[PDB]
Structures are given as structure tokens and as C-alpha cells.
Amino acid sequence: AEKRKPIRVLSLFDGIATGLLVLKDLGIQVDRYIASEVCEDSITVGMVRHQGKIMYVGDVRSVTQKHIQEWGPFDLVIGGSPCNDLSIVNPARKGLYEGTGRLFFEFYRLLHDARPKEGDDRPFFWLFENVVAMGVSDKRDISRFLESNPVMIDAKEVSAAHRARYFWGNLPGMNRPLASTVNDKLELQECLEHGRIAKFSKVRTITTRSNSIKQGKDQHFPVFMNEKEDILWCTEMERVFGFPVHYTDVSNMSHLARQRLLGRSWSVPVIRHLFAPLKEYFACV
């Protein structure tokens, strides 16, 4: 019979602030949201959609141990480092130790910096996400530096898109079975605007690239409107990813810039499933 506290979160590679979006969707009170992000479009979405709650600190490599101690303590450390040098979709990927790959170790470093000293049993939770389609030795090393094996959660069972992602962390019930809640839209048709017909029940994985919205090797169009073929609109991608509609409609972004943000982000119901047991550890309503 003790009263829990609002959560303090350090979010690295914050993107379009999916983490804060879900924490609010769960009723978890948030005392501090410190985000390291470098993309100005990303930052603008977070700043606007969360009304200046997020505190931005810039490049993850500008964040020292001294900063962690001043800004902390933290109860939650989350992030997913860039995968453009890890994913096997890229034939020119520079790997875990080069290019953007090595930005993973900045997560490892700040996580070490943010951990409670042994003997301190205060609640501390962390989550790290990346792609399944990476080299076997890069998944080996990531698990070696995090000292955990990951959980494979495919967004297909709670959304309208395939998205097989790895999840390292210590959140409670991380491997419990996923369950399609009634606020998930499991089929593409339920994500489309009025007057449009889905040609597929579920779309393949949506990257930052336009060829990922067309289906298969034959590049099939996903939707019929007026008996004419068409690709997904931005608002349909947002629903496929679980975001509120028009979430990314900021900053005069083109539809490709919006897809750039969405294609790097997390599937919202997947995270919501992962963050859900946190509301038993922190203040709510």
C-alpha cells in the first residue's frame, strides 16, 4: 500500500515520439521525457504533437555520463538505433561496427550509465528494438552487449502490416502472447479512406521506400479506387502503423517525407502491448 510515481523516461533515437504517445495512451503519468534525436522533421512532430513536453538533448553522442546523472534518475530507457547499415535489404550495409550501425553502442553506453547501481532495487525498465532481417553475427553481438536474448514480435497479429521486429529488454511479460484488442485494425480495408477497396488483407513490411507499399515482386498496387489502381495514402499508413490520423501532417512534409518518418517508426499496438504492464509500476489516470 504505497503510492507510485510518474515515470521518468530517457528515449534515444526518439523518432516521432511513439514512446511518449503510447505512455499517454496508457494513462501512465510522465514526469520527464528526455529525447535524443537529430532529424528536424522528427523533432517537429514530437514538439507539436506533445506540446513541448519532450525535452530534446540533440545527438546521442553528445550525452555524457555527467548528463545522465544530472537529468536522471530514469525509470525507463527506450530506443531503436538506425538499421540502414544493419538490415539485409541494403546491399551496401556497413554493419554493426560501422556507418550508422555503431550508433547501437551509444544505446549500450547510455543504458549502462542509466542503470541503478547493484544494491539499488528501485524499478528500472529498458527496451531495445531492431529488425529481424540483420546479419547473424550482428544479432549475436547485440545480444552479447545487452546480455539478453531478444523477443520476436511480428506486428501482423495486431495490425494490417507485416513487421517482424526484435525486442531486447526486461519489461514484464515481454514474451506473453499478443492479443488483438478491439482498437486494432487487423485488415487493410479498415485503414482505408471512404470509397477505396483493399486488394490485400495485410500489406508487406513498410520501409522508407515507395517500392515497399507496392506488394510483392510484381509490384502490385494495394488499393482500388474508382476501379483504378492506387497506393496507400499517408493517413492510411498512419492507421496501418496505429498512429492517430494526420499525426505526421506537420511541417509541409511531402507524402514521402511522412513515409520516411513512418517507415522508421514502431508499430503502435506492438509497443502498447510491451508497455502495458508498466502501469502497475508507475502512477496512472
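Residue positions are given as counts along the sequence shown, with the first one as 1.
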field: Residue range whose averaged C-alpha B-factor is higher in the record, 105 to 113 or 211 to 219
entry: 211 to 219
message: Please compare 273 to 281 with 11 to 19 and name the stretch with the higher mean C-alpha B-factor in the deposited structure.
response: 273 to 281
task: By the entry's C-alpha temperature factors, tell me which of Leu192, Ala133, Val158, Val77 sits highest.
output: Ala133
message: Per the entry's Cα B factor values, which of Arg239, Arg258, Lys228, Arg49 stands out as the maximum?
response: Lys228
Chain-relative CA temperature factor third for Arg163: middle
message: Please say which third, lowest, middle or highest, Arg196 falls into when its CA temperature factor is compared across its chain.
response: lowest
query: Going by what the PDB entry lists, where does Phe125 fall on CA B-factor within its chain: lowest, middle or highest third?
result: middle
- request: Place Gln69 in the lowest, middle or highest third of its chain's C-alpha B-factors, as listed in the PDB entry.
  value: middle
query: In terms of the CA temperature factor given in the entry, to which third of its chain does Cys83 belong: lowest, middle or highest?
result: middle
